[PDB]
Amino acid sequence: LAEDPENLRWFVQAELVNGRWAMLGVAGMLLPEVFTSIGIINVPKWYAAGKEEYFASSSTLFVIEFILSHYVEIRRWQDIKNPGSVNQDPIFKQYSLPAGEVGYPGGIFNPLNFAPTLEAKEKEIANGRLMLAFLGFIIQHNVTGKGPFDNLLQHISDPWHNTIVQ
Amino acid sequence: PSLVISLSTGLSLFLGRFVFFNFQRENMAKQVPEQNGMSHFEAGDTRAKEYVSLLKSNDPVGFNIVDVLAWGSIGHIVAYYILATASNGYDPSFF
Amino acid sequence: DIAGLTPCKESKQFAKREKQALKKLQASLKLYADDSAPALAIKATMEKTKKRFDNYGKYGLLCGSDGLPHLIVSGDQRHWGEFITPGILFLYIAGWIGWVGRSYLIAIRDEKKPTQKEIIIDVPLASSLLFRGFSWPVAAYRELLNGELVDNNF
Amino acid sequence: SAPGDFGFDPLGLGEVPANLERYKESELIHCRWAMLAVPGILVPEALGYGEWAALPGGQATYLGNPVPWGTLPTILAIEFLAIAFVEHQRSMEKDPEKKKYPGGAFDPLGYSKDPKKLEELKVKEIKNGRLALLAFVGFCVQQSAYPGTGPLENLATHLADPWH
Ligand code: CLA
Ligand SMILES: CC(=CC=C/C(C)=C/C=C/C=C(C)/C=C/C=C(C)/C=C/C1=C(C)CCCC1(C)C)/C=C/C1=C(C)CCCC1(C)C
Ligand SMILES: CC1=C(/C=C/C(C)=C/C=C/C(C)=C\C=C\C=C(C)\C=C\C=C(C)\C=C\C2=C(C)CCCC2(C)C)C(C)(C)CCC1
Ligand SMILES: CCCCCCCCCCCCO[C@H]1O[C@H](CO)[C@@H](O[C@H]2O[C@H](CO)[C@@H](O)[C@H](O)[C@H]2O)[C@H](O)[C@H]1O
Numbered sequence: 030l031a032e033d034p035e036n037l038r039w040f041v042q043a044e045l046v047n048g049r050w051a052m053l054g055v056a057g058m059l060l061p062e063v064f065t066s067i068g069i070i071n072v073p074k075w076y077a078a079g080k081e082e083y084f085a086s087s088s089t090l091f092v093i094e095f096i097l098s099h100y101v102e103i104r105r106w107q108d109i110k111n112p113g114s115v116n117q118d119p120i121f122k123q124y125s126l127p128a129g130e131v132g133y134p135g136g137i138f139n140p141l142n143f144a145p146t147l148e149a150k151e152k153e154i155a156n157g158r159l160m161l162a163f164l165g166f167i168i169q170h171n172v173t174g175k176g177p178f179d180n181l182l183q184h185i186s187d188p189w190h191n192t193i194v195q
Numbered sequence: 004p005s006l007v008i009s010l011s012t013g014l015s016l017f018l019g020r021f022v023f024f025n026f027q028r029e030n031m032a033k034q035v036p037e038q039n040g041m042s043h044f045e046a047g048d049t050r051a052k053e054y055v056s057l058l059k060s061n062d063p064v065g066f067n068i069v070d071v072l073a074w075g076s077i078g079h080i081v082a083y084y085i086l087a088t089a090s091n092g093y094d095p096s097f098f
Numbered sequence: 001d002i003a004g005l006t007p008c009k010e011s012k013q014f015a016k017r018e019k020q021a022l023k024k025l026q027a028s029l030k031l032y033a034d035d036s037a038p039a040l041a042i043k044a045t046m047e048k049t050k051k052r053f054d055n056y057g058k059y060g061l062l063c064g065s066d067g068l069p070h071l072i073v074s075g076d077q078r079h080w081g082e083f084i085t086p087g088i089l090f091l092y093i094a095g096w097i098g099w100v101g102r103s104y105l106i107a108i109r110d111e112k113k114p115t116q117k118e119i120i121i122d123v124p125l126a127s128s129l130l131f132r133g134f135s136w137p138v139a140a141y142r143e144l145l146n147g148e149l150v151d152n153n154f
Numbered sequence: 017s018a019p020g021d022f023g024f025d026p027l028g029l030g031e032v033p034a035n036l037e038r039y040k041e042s043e044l045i046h047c048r049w050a051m052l053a054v055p056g057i058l059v060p061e062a063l064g065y066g073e074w075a076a077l078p079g080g081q082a083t084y085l086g087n088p089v090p091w092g093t094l095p096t097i098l099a100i101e102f103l104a105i106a107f108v109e110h111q112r113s114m115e116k117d118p119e120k121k122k123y124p125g126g127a128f129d130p131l132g133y134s135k136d137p138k139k140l141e142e143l144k145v146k147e148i149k150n151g152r153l154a155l156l157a158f159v160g161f162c163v164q165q166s167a168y169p170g171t172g173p174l175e176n177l178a179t180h181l182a183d184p185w186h
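From first to last, the protein sequence lines are chains 4, G, F and 1.
Just so you know, we're using the deposited numbering here: the first sequence kicks off at 30 and counts up by one.
Just so you know, we're using the deposited numbering here: the second sequence kicks off at 4 and counts up by one.
Just so you know, we're using the deposited numbering here: the third sequence kicks off at 1 and counts up by one.
The fourth sequence runs 17 to 66, 73 to 186 under the deposited numbering.
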């Protein structure tokens, strides 16, 4: 009691993983936009290697990878109850040892730290969201569309479309 | 198809594990201990139990099964008879 | 598809319902509105239950005998959001009724004499603890089971 | 996840520290008998040429109608009486000194003992034990579902998803 927070560990690490995976997610799109032509779901497969065999299937693929992702992920667990990850640049950041002016508890607002040379996990702050909410954006607009920006002939001006579905 | 006598073989597997002790030490019923008349009183109540007495013939009369159950079941029960048959007797192999 | 029959794409019994029944609705050869501007069976009430033609959307929707439509919702063939879609919805809405129940409540028992502040209402609906509910991402799904309402307080 | 760290003593530990896994040593040697069974293929390439297969006429038919019917009941019935030999002996022990139900021997120093037959070191039986258990229970279900067929791989990939 515990007046108030708290937390900590917690879901600040909560974010960064959103941040830095929403960032990647959008590398996803990056591709089909300059020398353009090729994407949406495009339910890839996803880049697809050689002419020496697959063939629709050989295998669930997809389904596996992430059995792997799976114990590597127990590993990041395998970190955050009890701080273990050499670099140590998510759990507070690196700059070895430190930040944990919030690892033993007592925050309220606590801003943080972590580049030796140099600066921060900060203006990696705000690419941090630009991209989470971007996705929000990204697989917002499909559910009707899939492409950006030509010139001033007759595109960027929104002409006629078709509700929501309804 | 059914081993019917697969299992009646089987059940007096166990109650001959019954033929037991009417014979061997002393009287009946480890003599009526407690039956009629009525326990001390006892009283909560009450005893006894003993995780420690599942031996005695585990080994010996675990044969009892194979008795009747062998030669006296599927192999035509006592062929070695005769012993007063004329008001009749026999008896005669339904098998 | 399952125990009853198939949807709307065909459902004979269902069809007959459309038709007699409503349309008898009709039933009134006239009954006067040759041009007249009130008596609205005429327009919709039928057509709003009616132009609901061989379309209702299309919804799958199973329809047994007499062809009144039955709800499976076992998450299969088509029928999933006849419980879950409007199920999580019932959950999310409530719980953000009582998340705030356990809120324009756990905000009082303190300061000075707090003995019925509640027969009047301090912030109406709470209008402060209000959005705490949509401003539940995760929320009680962690902080209920860890800390605050913490087993301690259990 | 049953060995997800949990257990105290006579129940918790006591039941298992070697005891149950020392009884799970049997499991492994059963799966040494069973992995003395499966190796019928076990190897590619050698003959059988051609062992009790699909019931043609048992051991030697007997001079008289076979007791019940089938090879199964005659070889079976016995197995579960002639092996109760071992478990009788295996369930009469105690770990420290052996006398009867003697005076008083609970704990000073030396602390009781350890599974009677402990690790005695060689913590390598267990490293192979759960290795075997994990197999028997595990991808042994590669051959525990719909294995009406046998060995005939023909080039493609690997795996097949959820099915059937
Ligand atoms: C905010 C409120 C609140 C909350 C979180 C609960 C929670 C609970 N009630 Mg409950 N209850 C309430 C108000 C509330 N009640 C009221 C006002 C009454 C009328 C006396 C009851 C009568 C009642 C009974 C008879 C039972 C419960 C039971 C329960 C428990 C079972 C849930 C259930 O299925 O009943 C569903 C909930 C109701 C029937 C309550 C109806 C009232 C709701 C709609 C309150 C809505 C908020 C209200 C307008 C407050 C104003 C907001 C303010 C911040 C400005 C659960 C702990 C059961 C129990 O004890 O088992 C654990 C038991 O059967 N309640
Ligand atoms: C949100 C909601 C709601 C509601 C509603 C509600 C939420 C209602 C409730 C109500 C309540 C009540 C009504 C209560 C009552 C109470 C009582 C009745 C009590 C009684 C008593 C007591 C008090 C105790 C004991 C005694 C007696 C018994 C007397 C939902 C919505 C929806 C819909 C439409 C449908 C679909 C889904 C959704 C979309 C989601
Ligand atoms: C899938 C599905 C299913 C399943 C089911 C089941 C299995 C159930 C059970 C269930 C259960 C088992 C439940 C329970 C739980 C537990 C608990 C424990 C809960 C809770 C809680 C709480 C406590 C809450 C609270 C609250 C909230 C959150 C809101 C506000 C405040 C209050 C109070 C209200 C069903 C059937 C539906 C049908 C089909 C679908
Ligand atoms: C991150 C979210 C919070 C996570 C906190 C960690 C707690 C998670 C619970 C794990 C404790 C497991 O305990 C509980 O497992 C299952 C029931 O819950 C059941 O058990 C089941 O899996 C157990 C492994 O643990 C084994 O018993 C068997 O696999 C199966 O029976 C038991 O009923 C119970 O012992």
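Beta carbons are placed, not taken as given, at the ideal position from N, Cα and C, and that holds for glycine.
Under the Cβ criterion of 8 Å, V54 (chain 1) is not counted among the residues facing chain G. Not one heavy atom of ligand 4 sits closer than 7 Å to the Cβ of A139 (chain F). Contact residues of the segment 51-69 of chain G toward chain 1 are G65 (C-beta to C-beta distance below 7 Å).
Identification of residues in the segment 5-18 of chain G having a C-beta nearer than 9 Å to some C-beta of chain 1 yields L6, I8, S9 and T12, given in sequence order. In this structure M31 (chain G) is exposed. Its beta-carbon is surrounded by fewer than 16 other beta-carbon atoms within 10 angstroms.
Selection around ligand 4 by beta-carbon proximity, strictly under 7 Å to any non-hydrogen atom, yields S17 (chain 1), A18 (chain 1) and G20 (chain 1) in chain order.
Straight across, the Cα-Cα distance linking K52 (chain G) with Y39 (chain 1) is about 28 Å.
Going by DSSP, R38 (chain 4) is part of the alpha helix (DSSP H) stretching over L37 to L59. A distance below 7 Å between beta-carbons, with the five flanking residues on each side excluded, links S11 (chain F) to the following residues of its chain, in chain order: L5, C63 and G67. Sorting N55 (chain F), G60 (chain F), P69 (chain F) and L40 (chain F) by C-alpha distance to the C-alpha of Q13 (chain F) places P69 (chain F) at the top.
Between the segment 4-24 of chain G and the segment 89-96 of chain 1, the count of C-beta pairs closer than 8 Å reaches three or more; the two stretches touch.
Excluding sequence positions up to five before and after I72 (chain F), its CB lies within less than 7 Å of the CB of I2, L62 and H79, all in the same chain and listed in chain order. One thing to note: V22 (chain G) has its Cβ within 8 Å of the Cβ of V64 (chain G). A distance below 7 Å between beta-carbons, with the five flanking residues on each side excluded, links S56 (chain G) to no residue of its chain. Within chain 4, the residues whose beta carbon sits less than 7 Å from that of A178 (chain 1) are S87, listed in sequence order. Comparing alpha-carbon positions, the option among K24 (chain F), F53 (chain F) and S135 (chain F) lying closest to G95 (chain F) turns out to be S135 (chain F). Taking a cut-off of 8 Å on C-beta distances, the segment 38-58 of chain 1 does not touch the segment 124-140 of chain F, as fewer than three cross pairs fall below it. Identification of chain 4 residues near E148 (chain F) by a Cβ-Cβ cut-off of 8 Å yields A31, ordered along the chain.
At the C-beta level, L144 (chain F) and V100 (chain F) stay beyond 8 Å of one another. For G151 (chain 1), the enclosing alpha helix (DSSP H) stretches over residues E147 to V159. About 3 Å separates the beta carbons of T179 (chain 1) and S87 (chain 4), which is inside the 8 Å limit, making them a contact pair. Every residue whose beta carbon comes nearer than 5 Å to a heavy atom of ligand 2 appears here in chain order: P86 (chain F), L89 (chain F), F90 (chain F) and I93 (chain F).
Between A34 (chain 1) and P184 (chain 1), the CB-CB gap reaches or exceeds 8 Å. Under the DSSP assignment, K19 (chain F) falls in the alpha helix (DSSP H) whose first and last residues are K12 to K19. At the C-beta level, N142 (chain 4) and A128 (chain 4) come within 8 Å of one another.
Residue environment analysis places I100 (chain 1) among the exposed positions, since fewer than 16 neighbouring C-beta atoms fall within 10 angstroms of its C-beta. Annotation for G92 (chain G): no residue places its beta carbon closer than 7 Å to its own, counting only its chain and skipping 5 residues before and after.
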